[PDB]
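Step one of this worksheet: look at the structure below.
Virtual Cβ from ideal backbone geometry, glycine too; neighbours counted across all protein chains shown. Each answer follows from the model by the rule given with it, or from the source it names; these are not laboratory values.
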Amino acid sequence: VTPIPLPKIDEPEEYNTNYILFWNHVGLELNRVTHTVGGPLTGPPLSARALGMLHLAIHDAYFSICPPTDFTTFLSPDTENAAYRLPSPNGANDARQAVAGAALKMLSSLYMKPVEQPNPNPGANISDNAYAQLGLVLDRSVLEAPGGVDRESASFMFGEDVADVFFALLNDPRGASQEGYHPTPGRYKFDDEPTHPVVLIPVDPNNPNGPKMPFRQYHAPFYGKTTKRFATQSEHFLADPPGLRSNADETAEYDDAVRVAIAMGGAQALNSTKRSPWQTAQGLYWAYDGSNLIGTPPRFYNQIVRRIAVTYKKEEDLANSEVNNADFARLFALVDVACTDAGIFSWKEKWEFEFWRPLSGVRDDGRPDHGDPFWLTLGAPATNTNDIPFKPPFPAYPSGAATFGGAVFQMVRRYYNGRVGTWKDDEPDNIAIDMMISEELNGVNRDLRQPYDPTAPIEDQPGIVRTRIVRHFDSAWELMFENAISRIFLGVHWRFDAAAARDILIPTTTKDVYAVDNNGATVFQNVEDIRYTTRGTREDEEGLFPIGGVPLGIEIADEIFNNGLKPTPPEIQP
Ligand code: VO4
């Protein structure tokens, strides 16, 4: 197969001289490649899970050889339960090779062709080319690994054993299974996307030009309720969204949300769209919608975290500093585990409520003075492709990206508190970064005139180039905020999918109705003023629960960090 020419990453080449960062990078490369060829572990929740598994293996492999002081390994060597028992180094003392072994074994197990039975049903959809393309990435990473790879070393072999334990423990082969699920139409109810109601997929993936068959995808409807959690110590729930169950009476919030959805997330040339050019940029910047050569949101969050890590590293030598290695190893384990669990819980709630997307809500509203039967959103950008392909659909509430961001950035905050500065766990931090470029707006990627050619580099393919925008952020609190609201600008999520409207919008004298500027564009509170404290009720449970994905993510990250990254007790696993 012809190797896919991957575009250059906007990041200092010095980063990959550190082996921890190098392996994180390989995981990121596999993420973007798998979404380009349609391989395994695609979609938001599962792509996050792969990174969580990769980093847990690296974490325990490294720390087994170089024991930490203020914490321990995820699994222990003395665990009576064999499934949770970590292997012994027994002489192995080369952390570099141990990490290499863990990373390579995990990634290979995750992306290899499931010949061992799983080929049927599960893998029966992924082409052999998809597997070959992924194999290529793994093959060249071995050649690029700083310090080389020695598969004959006891240390490498030890890393491999660590990976085997984690893979056997946390891999969910049936992850995105939709077998048996069917939408339950009605008001507020999720259903097939009116702009992409069906997909024509080949009967034989290895014969893409042969007969096709209509298919209706539903992205992982059972994953959230049945999959094994990583480090969360309890179940997390959200308040009922406006219009459903206990909050069925919040019609003022719902109606105003529809109003805002139309003005802020409609297609650019619609007379009803009030979103500014700058807000459109903010919307695209955080997208990462499983596009060709781009991948999913977890990949971008990792790109951002890489810069933060290097920017605030304790020692200057990226290559030979054990302090830096331990630092990066611990940080990424925490960040990616939180990302994995955020994906589990956002998906659980998504499919629990089955709340419809703004597109369907506005079109099927039914009230002449509220809806727009012909409304169109700016939508999630279909980057490096000539059309808007069918992307696996899933409910709106809560926003997956909002949740991912909440967990990832709150984790970064908890981890760097006292070091970069000092702040309350629920107040803005000072973790600033600059020269942060999104692959959605990097002056290289584009919207093609013809179908993507996997044999040619992106710059040689005709299309409209995405403007290059270099950003600077004042804090992780800001990153978290913008990442969440960008979804409103895209028109893919309701305001409450991100967080409680009262916590992010400017209120008026009318309850549940928020302010807009001269142009009719919604006004947001200053990032420094934002506090996610507004809560709501649940019909099935007593108490007050958070509203939206950001609060959920923060809640998840705080719990994992407070417990010091400990395995979810098996007694509470599904
Ligand atoms: O990925 V959302 O679920 O944030 O569109």
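In table form, for the structure just shown:
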read-out	value
Any hit, the stretch 261-269, residues being away from the ligand (no atom under 16 Å from the Cβ) and not hydrophobic (A, V, I, L, M, F, W, C)	yes
First in the stretch 478-495 and over 23 Å from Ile308 (Cα atoms) and among the basic types (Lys, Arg), second anywhere and assigned to a helix (DSSP H, G or I) and within 11 Å of the ligand (Cβ to nearest atom), Cβ under 7 Å, 6 or more apart	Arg487/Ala401; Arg487/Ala402; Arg487/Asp497; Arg487/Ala498; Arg495/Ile488
Criterion violated by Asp365 - all others in (1) within 16 Å of the ligand (Cβ to nearest atom); (2) surrounded by fewer than 24 Cβ atoms within 10 Å (Cβ to Cβ) satisfied	(1)
Residue that is farthest from the ligand (Cβ to nearest atom), among those in the stretch 455-492 that are part of a loop (DSSP other than H, G, I, E, B), closer than 21 Å to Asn384 by Cα and within 21 Å of the chain's Cα centre (by Cα)	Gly491
Hey, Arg357 crowded, with 19+ Cβ neighbours inside 10 Å, under 23 Å from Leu46 (Cα atoms) and either of a type in the set (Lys, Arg) or within 16 Å of the ligand (Cβ to nearest atom) (or both) or not	yes
Sole exception among (1) of a type outside the set (D, E, K, R); (2) under 24 Å from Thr467 (Cβ atoms); (3) in a helix (DSSP H, G or I); (4) under 20 Å from the mean Cα position of the chain (by Cα) for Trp278, by number	(4)
Long-range neighbours under 8 Å by Cβ, at least six apart or interchain, first residue among the aromatic types (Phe, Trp, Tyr) within the stretch 291-307, second in a loop (DSSP other than H, G, I, E, B)	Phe300/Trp286; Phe300/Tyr288; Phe300/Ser438; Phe300/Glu439
Matching residues, the stretch 367-379, being touching a residue at least 12 places away in the same chain (Cβ under 8 Å) and in a loop (DSSP other than H, G, I, E, B)	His370, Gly371, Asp372, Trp375, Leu376, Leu378, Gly379
Any chance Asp336 is in contact with a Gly (Cβ under 6 Å, 6 or more places away or on another chain) and either within 16 Å of the ligand (Cβ to nearest atom) or part of a helix (DSSP H, G or I) (or both)	yes
Condition met for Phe345 (away from the ligand (no atom under 16 Å from the Cβ), assigned to a helix (DSSP H, G or I), in contact with a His (Cβ under 8 Å, 6 or more places away or on another chain) and outside the structural domain of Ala100 (by CATH))	no
Matching option when the condition is surrounded by 20 or more Cβ atoms within 10 Å (Cβ to Cβ) and charged (D, E, K, R), among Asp434, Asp447, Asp429, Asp425	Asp429
Residue within the stretch 82-102 that is more than 16 Å from the ligand (Cβ to nearest atom), aromatic (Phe, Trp, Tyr), in the same structural domain as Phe167 (by CATH) and in a loop (DSSP other than H, G, I, E, B) present	no
Some residue of the stretch 91-114 being among the β-branched types (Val, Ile, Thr) and buried (at least 24 other Cβ atoms within 10 Å of the Cβ)	yes
Residues being assigned to a strand (DSSP E or B) and touching a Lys or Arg at 6+ places or on another chain (Cβ under 6 Å) - total across the stretch 443-454	1
Some residue of the stretch 431-442 being of a type in the set (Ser, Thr, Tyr), within 16 Å of the ligand (Cβ to nearest atom), assigned to a loop (DSSP other than H, G, I, E, B) and touching a helix residue (DSSP H, G or I) at 6+ places or on another chain (Cβ under 7 Å)	yes
Lone unmet requirement of (1) touching a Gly at 6+ places or on another chain (Cβ under 8 Å); (2) assigned to a loop (DSSP other than H, G, I, E, B) for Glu116	(1)
So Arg307, is it within 14 Å of the ligand (Cβ to nearest atom), in contact with a strand residue (DSSP E or B) (Cβ under 9 Å, 6 or more places away or on another chain) and of a type in the set (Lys, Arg)	no
Odd one out for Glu160, checked against (1) more than 25 Å from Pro118 (Cβ to Cβ); (2) among the charged types (D, E, K, R); (3) touching a residue at least 40 places away in the same chain (Cβ under 8 Å)	(1)
Test: residue in the stretch 431-452 that is within 24 Å of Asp341 (Cβ to Cβ), touching a residue at least 60 places away in the same chain (Cβ under 8 Å) and touching a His at 6+ places or on another chain (Cβ under 7 Å)	no
Residues that are in a loop (DSSP other than H, G, I, E, B) and more than 10 Å from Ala261 (Cβ to Cβ), drawn from the stretch 493-504	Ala499, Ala500
Boolean, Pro68 is buried (at least 23 other Cβ atoms within 10 Å of the Cβ) and assigned by CATH to the domain that holds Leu134	no
Residue check, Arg495 within 16 Å of the ligand (Cβ to nearest atom) and either surrounded by fewer than 19 Cβ atoms within 10 Å (Cβ to Cβ) or in the same structural domain as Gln282 (by CATH) (or both)	yes
In the stretch 380-410, residue nearest to the ligand (Cβ to nearest atom) [restricted to those that are of a type in the set (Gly, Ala, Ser) and in a loop (DSSP other than H, G, I, E, B)]	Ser399
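Condition check ((1) free of Cβ contacts under 8 Å to residues at least 40 places away in the same chain; (2) farther than 30 Å from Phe74 by Cα; (3) within 16 Å of the ligand (Cβ to nearest atom)) across all residues:
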position	(1), (2), (3)
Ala501	no, yes, no
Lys511	no, yes, no
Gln525	yes, yes, no
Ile560	no, no, no
